[PDB]
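Below is one structure, written out as structure tokens, with a few remarks after it.
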Amino acid sequence: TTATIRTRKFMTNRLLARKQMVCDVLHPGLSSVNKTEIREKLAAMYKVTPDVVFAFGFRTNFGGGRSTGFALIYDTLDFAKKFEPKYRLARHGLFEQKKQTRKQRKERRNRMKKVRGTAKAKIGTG
Amino acid sequence: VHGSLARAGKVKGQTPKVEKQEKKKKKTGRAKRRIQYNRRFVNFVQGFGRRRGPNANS
Amino acid sequence: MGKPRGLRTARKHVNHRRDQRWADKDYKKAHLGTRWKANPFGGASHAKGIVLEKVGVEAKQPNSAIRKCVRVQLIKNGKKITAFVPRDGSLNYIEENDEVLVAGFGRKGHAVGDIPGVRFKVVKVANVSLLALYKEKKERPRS
Amino acid sequence: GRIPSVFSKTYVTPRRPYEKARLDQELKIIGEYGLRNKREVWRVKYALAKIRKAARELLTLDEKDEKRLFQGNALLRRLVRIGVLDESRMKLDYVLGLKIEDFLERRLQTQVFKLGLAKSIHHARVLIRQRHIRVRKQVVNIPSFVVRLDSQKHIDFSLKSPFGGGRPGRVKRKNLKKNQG
Amino acid sequence: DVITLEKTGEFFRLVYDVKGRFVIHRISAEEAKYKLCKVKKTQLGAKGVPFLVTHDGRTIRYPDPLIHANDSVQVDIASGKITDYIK
RNA sequence: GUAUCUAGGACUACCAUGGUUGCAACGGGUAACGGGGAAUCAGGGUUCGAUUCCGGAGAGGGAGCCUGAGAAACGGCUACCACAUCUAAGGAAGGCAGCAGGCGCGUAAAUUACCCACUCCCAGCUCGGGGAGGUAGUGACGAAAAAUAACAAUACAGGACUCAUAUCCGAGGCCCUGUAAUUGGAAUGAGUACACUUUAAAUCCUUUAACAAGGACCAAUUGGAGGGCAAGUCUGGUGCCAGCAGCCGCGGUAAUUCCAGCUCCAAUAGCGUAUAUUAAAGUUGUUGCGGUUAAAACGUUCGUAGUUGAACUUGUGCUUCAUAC
């Protein structure tokens, strides 16, 4: 139903090479709308093409067809890949990183302590 | 003093425990309490017959 | 009439106040910590006790009734209490050597009404409550 | 932790409970204003006790004492926002004279009544509760609102639920589907 | 204290709101060169013999001899020099 | 003088005879850490505080010590005493009043979950570690907001209005309020459930398709009905028995108190009850009690502490100016 995302609260912040935004999203007689579609629409407003339009905010408000969000739009992909905060890249993931799930590693690290120095020895035990 | 306890729950066993019958599930709060204010106030425009009774049989 | 109503008499009121509050019955109980010392509850709201015996307590005049109390020994103190079994039939629900909750009768100690020396209530047998059991809403756990 | 929970019991049930005259007034107040049970009445009655008490404290102070001026005028404005207060009342002196009823009226449980899509106090209430009222753009579960003036005009049918005409019945769809077989 | 966010250039001094809060206060890039330092203490003995210490813990050696405790000094910042004092 | 980071009887020699006390010292008790605070109020108070902060203290009880800017450390060491552990029997190693968990104690209090993403800390650090903290799970201490139905109409009901007739009395009939399981389509999702949103990743909320209302469904309670205290001089059973009753009292055969039913009341997502506290309680009296007889003048006086204490001692005015009438 035409949507029309028009975005409040602009900040030109060149210290993280990013226009950091609030997104006010209309879909006023339906609701919702996928982040991927939000990037696509927003991309062709600032000319920065969609896989940089890093938008994490969001609450579908009260009873209809508004979501107030935040978008972050990063000038170069190179700067995007540097400030990251890593997990944000991974959601839209060309970046997929390693579940541990962490308490397995802790048990191994405790085993590593016990025996004098070596430490490669008990990588192998682990 | 030491009368006994021999007679314990003779009445609970000799009362036939009259059927639970019902007569209508009375509604939830908003509905029911408004249902009662017909009973108390409007129905109950009260004839001035020197007081009456919610709990009068005959 | 009495009170030292002078400008710098100031100590004397406190001293005399403490001399007068000595007689204050509620403050005696509080300061002397009588709950913990003498009263079978250690100011503790409830006590679990073990049922010794069922007692057929004959009422004070002008009431001739057998009013059905229970001897209870608290787990903390081994202290012997007589507690009343309130609401209907109830000794049949008590059963000797069951674990029973002893609660008081809301009377700042003082024996009930016409019921000799029964400062206490029973609220539960075998962790269910008496109250539930009479109405029939609940059924007694086995043993 | 942090420090969280600042409580305040909104929530005093009356000093003597079983006084006939009082009972009838509460009972009537539930009829005229279809509040579930008397605790909903006691929320407002206790709300009044806070408001009346706050007023009285500030009245004893002399106007132009700053402390009276800042707080008194502000509380007054807030009650004017709620629609409780008419300009002739906008002095703390008239705030003493305040009744239970004024507060209850501002609930939407009494406002959809006025504005014919309920035609009754009773019908207005239930609709809000299950989630049928919009305050402008927003579908609002909570019947107890005590609605501020300028949102009174924005009281409407929710737009994608089936009056505002999407989904019809779903009774209509059931009944349409019966004749379809 | 002058906080300079060189890219893009805002130039700040941290100064106080009447509400006893810090403010975001944008200063000229030439105002950003200096700062005003209230002097805590002037003592004699450490190199090369008198020294002045500011409330921002900066010790400025050989102070003008008329600078007495609770005075302010303009500090050049690029070099740690006193280049004004208000009695 | 010595010690120490420092004054210092902290310690030691010598030398004096002091220091503390009815303004309650010294001692004993304390569910006694302290404060910031909390509860309850007409105010005044009374009570509370173990706990979300701040400071201090301790880490089984005690003592001693190294390192290091800093620990007389315990998720450091060394020792003893008490506890607990393994062992191939020679020995060695330990501190859940840390997080979970278990046992025991008791009236009494949760998961052997996940994460450093947030919050921030530490480290050599952009990066690691973090039961610090966040997250979920449990949670009617407690607080906060209410889904559980609504409208015509039909069946008869009331109260105005009219036609009447005017004790009586019938017919039309309305904003309504209803006692009906009669009807009829409507309303809105709590729940459920794609999807999206949430989130570190899930959860619930906030969103929303597909679903869900004739209650027997989306199906509310807990105490009471003689009085206090609000509501049965009801009906069956019981008959001073059983049992009820915070109190006064009920029950000895119209039981309006019992045990049910039915009817109803009062407070309903809460209510009952216990314990402690506070109001009431003026029954603690500083505010603000009583003392002839109700509970109350010491037998009486001297009398010290305590306590209290008369008048008189920069002060009135006169004039004028400004400034209210």
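For neighbour counting, all protein chains shown are included, and Cβ atoms are generated from backbone atoms with ideal geometry for every residue, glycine included. Every number in this text was worked out from the coordinates using simple rules, so none of it is lab data.
Worth pointing out:
- Complete set of residues in region D:112-125 that are among the β-branched types (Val, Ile, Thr) and more than 14 Å from the chain's Cα centre (by Cα): none
- Total residues in region D:1-41 satisfying the condition of being under 21 Å from the mean Cα position of the chain (by Cα), within 8 Å of RNA strand F (Cβ to nearest atom) and in a helix (DSSP H, G or I): the figure is 7.
- Of the residues B:39, B:7, B:33, the single one that is part of a helix (DSSP H, G or I), near RNA strand F (Cβ under 6 Å from one of its atoms) and surrounded by 10 or more Cβ atoms within 10 Å (Cβ to Cβ) is B:39.
- You will find that of D:44, D:95, D:84, the residue that is under 25 Å from residue D:109 (Cβ atoms), away from RNA strand F (no atom under 16 Å from the Cβ) and touching a residue at least 40 places away in the same chain (Cβ under 8 Å) is D:95 and no other.
- In region C:78-86, the condition of being of a type in the set (A, V, I, L, M), over 30 Å from residue C:3 (Cα atoms) and exposed (fewer than 12 other Cβ atoms within 10 Å of the Cβ) is met by no residue.
- Residue selected from region D:139-180 under the condition under 15 Å from the mean Cα position of the chain (by Cα) and near RNA strand F (Cβ under 8 Å from one of its atoms), by the criterion surrounded by the most Cβ atoms within 10 Å (Cβ to Cβ): D:143
- Of the listed requirements (1) surrounded by 10 or more Cβ atoms within 10 Å (Cβ to Cβ); (2) hydrophobic (A, V, I, L, M, F, W, C); (3) at the interface with another protein chain (Cβ under 8 Å from one of its Cβ atoms), residue B:1 misses just one: (1).
- Residue check for residue C:102: within 28 Å of residue C:133 (Cβ to Cβ), away from chain B (no Cβ under 14 Å), more than 6 Å from RNA strand F (Cβ to nearest atom) and outside any loop (DSSP other than H, G, I, E, B): yes
- Some residue of region A:90-97 being surrounded by 15 or more Cβ atoms within 10 Å (Cβ to Cβ) and either of a type in the set (A, V, I, L, M) or touching a residue at least 24 places away in the same chain (Cβ under 8 Å) (or both): yes
- Residue check for residue C:74: over 14 Å from the mean Cα position of the chain (by Cα) and either surrounded by fewer than 11 Cβ atoms within 10 Å (Cβ to Cβ) or of a type outside the set (D, E, K, R) (or both): no
- All conditions in (1) part of a helix (DSSP H, G or I); (2) near RNA strand F (Cβ under 6 Å from one of its atoms); (3) within 30 Å of residue D:121 (Cα to Cα) hold for residue B:53, with the sole exception of (1).
- Some residue of region E:39-58 being among the basic types (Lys, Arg) and exposed (fewer than 11 other Cβ atoms within 10 Å of the Cβ): yes
- In region C:115-130, the count of residues that are loosely packed, with under 14 Cβ neighbours inside 10 Å and under 18 Å from the mean Cα position of the chain (by Cα) is one or more.
- Given (1) on the phi < 0 side of the Ramachandran plot; (2) within 14 Å of chain D (Cβ to nearest Cβ), number of the condition residue B:46 does not satisfy: (1)
- Selection of first residues in region B:23-41 that are within 8 Å of residue D:31 (Cβ to Cβ) and of second residues that are more than 6 Å from RNA strand F (Cβ to nearest atom) and part of a loop (DSSP other than H, G, I, E, B), restricted to Cβ pairs under 6 Å at least 6 apart or on distinct chains, gives the following pairs, ordered by first then second residue: B:34/D:34.
- Given (1) within 6 Å of RNA strand F (Cβ to nearest atom); (2) under 23 Å from residue B:1 (Cα atoms); (3) more than 14 Å from every other protein chain (Cβ to nearest Cβ); (4) in a loop (DSSP other than H, G, I, E, B), number of the condition residue C:118 does not satisfy: (1)
- Region C:86-99: number of residues that are more than 11 Å from chain B (Cβ to nearest Cβ) and near RNA strand F (Cβ under 6 Å from one of its atoms): 2
- Residue count, region A:12-65 (criterion: within 14 Å of chain D (Cβ to nearest Cβ), among the small types (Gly, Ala, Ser) and touching a residue at least 12 places away in the same chain (Cβ under 8 Å)): 5
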